[PDB]
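See below for the structure under consideration.
4 protein chains.
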Amino acid sequence: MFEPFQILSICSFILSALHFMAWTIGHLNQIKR
Amino acid sequence: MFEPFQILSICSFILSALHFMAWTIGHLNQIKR
Amino acid sequence: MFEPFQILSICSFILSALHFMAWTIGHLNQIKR
Amino acid sequence: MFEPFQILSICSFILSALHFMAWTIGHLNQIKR
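Here is the structure:
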């Protein structure tokens, strides 16, 4: 097909990459003991 | 097809929009320093 | 088909129902002022 | 098919297993009263 796979597949793919990106940053915490 | 895509697709779509809406609001916090 | 839809569909369906159930309970908090 | 199902299916499957694993551990807390 012209597209990589499907509109639903592409959207979920991007929504997943960012989801783990922003969610990971929020979970991560910087501390200096 | 008559429907936009599928029952499972439509449900997940709505469940995702709200999921990020309510979840985002809960994560967001208002503070006045 | 014999099954309601598909193995992947059924699994995700159950995993979603519980996901929102346990996740909702954890988010909910009881307080007595 | 040669593969268990599909590349997208396999990836999501693994990403889900770990997602619940690491996420569960983070949620879990050990305390000694």
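Residue numbers (the working numbering), protein chains in the order written: chain L, 51 to 83; chain V, 51 to 83; chain D, 51 to 83; chain C, 51 to 83. Positions of the beta carbon are idealized from the N, C-alpha and C atoms, including for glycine.
Starting from the beta carbon of residue i, find every residue of chain D whose beta carbon is closer than 8 Å, and list them in chain order.
i     : result
V/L58 : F55, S59
Pull up the distance between the alpha-carbon of residue i and that of residue j, whole angstroms please.
i     : j     : result
V/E53 : V/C61 : 12 Å
L/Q80 : V/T74 : 22 Å
C/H77 : V/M51 : 43 Å
V/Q56 : V/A67 : 16 Å
V/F70 : D/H69 : 15 Å
L/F63 : V/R83 : 38 Å
V/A72 : C/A72 : 23 Å
Just checking my contact of residue i with residue j at CB under 8 Å: how many whole Å lie between their CB atoms?
i     : j     : result
D/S59 : V/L58 : 6 Å
Is the beta carbon of residue i within less than 8 Å of some heavy atom of the ligand NAD?
i     : result
V/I64 : Ligands are entirely absent from the displayed structure, and the ligand NAD is therefore not among its contents.
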